[PDB]
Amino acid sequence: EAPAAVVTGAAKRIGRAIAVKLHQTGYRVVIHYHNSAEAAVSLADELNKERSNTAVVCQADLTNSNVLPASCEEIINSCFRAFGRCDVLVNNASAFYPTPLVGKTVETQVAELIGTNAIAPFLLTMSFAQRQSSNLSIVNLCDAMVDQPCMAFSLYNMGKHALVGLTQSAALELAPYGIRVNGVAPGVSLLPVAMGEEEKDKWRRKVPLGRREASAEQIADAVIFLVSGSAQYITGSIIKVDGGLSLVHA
């Protein structure tokens, strides 16, 4: 019987690339999404054409709130409902925007940035563990630049640092259950179409390895390694996939 994986924020970009690689490797997938309903269903369709009844969608807001634990529990539940098991959780969904210290209220900024980058991963990790020759693991999408943060992104950066802490704490606590918990830390990966090509090229020129951003596939390759039998002794590790960006001084 095929194993199953939940990928958060999997309608597009890096999360989709990860869901696709897992599905190709043989996983059944839960494609979680928030607003990108069309994209999520379109991916589920593609994947189901390849192999029937191997993909489902699950909509959830991962903003912090008093019902977030319920939402996270329901994401894990949807994998068990659809596939009878949940082997892998990938925490990929992430809000990202500036929150300067000097339209959204600060309450909202705190809830969205901390919720998606840290608290939801924690609550998904709880639910994944509680609901349990298998190879169970969790992969967190971290950030290679967490110690050299973008100006005015404090809440986003706090969230990513907390996700490091969770990766470590959960690796330690879930080790007795056979559940490995690791991370992948992109540098600069999929640049948005809508960026001034002046601005995209400015990020690209910063990367020592090729003067280019990582492809989604390159990030997903590291995820697939960590979930593989080739990483059976690896837990609490964060693999940077940054082309050396984080090594470059100002």
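Start at 1 and count along the sequence shown; that's the residue number. In this text, rigid core is short for the largest set of C-alphas that superpose within 1.5 Å between two forms.
Stretch 212 to 220 is the one, of 60 to 68 and 212 to 220, whose CA positions lie farther from the shown form in 9 other deposited structures of this protein once all structures are superposed by the rigid core.
In terms of root mean square C-alpha deviation after superposing on the rigid core in 9 other deposited structures of this protein, the stretch standing farther out between 48 to 56 and 203 to 211 is 203 to 211. Where the other entries of this protein model the residues before and after it, residue 176 is kept in all of them rather than dropped from a third.
Residue 103 is a gap in at least a third of the other entries compared, counting only those with both neighbours built. Count the deposited residues lacking coordinates between residue 169 and residue 170 and you get none at all. The entry models residue 102 and residue 103 with a gap of 4 to 9 deposited residues left without coordinates. Two stretches are in play, 134 to 142 and 91 to 99, and the higher mean C-alpha B-factor belongs to 134 to 142. The stretch 144 to 152 shows the higher mean C-alpha B-factor when 159 to 167 is compared against 144 to 152 in the entry. Of all the options 222, 44, 60, 70, the entry's greatest CA B-factor is assigned to 44. Based on the entry's C-alpha B-factors, the most elevated value among 187, 196, 183, 208 belongs to 196. In the PDB entry, residue 122 places in the lowest third of its chain by CA B-factor. When all modelled residues of the chain are sorted by CA temperature factor, residue 179 is found within the middle third. Ranked by Cα temperature factor within the chain, residue 113 sits in the lowest third according to the deposited record. When the modelled residues of the chain are ordered by C-alpha B-factor, residue 241 sits in the lowest third. Placement of the Cα temperature factor of residue 64 within the chain: lowest third of the modelled residues, per the deposited record.
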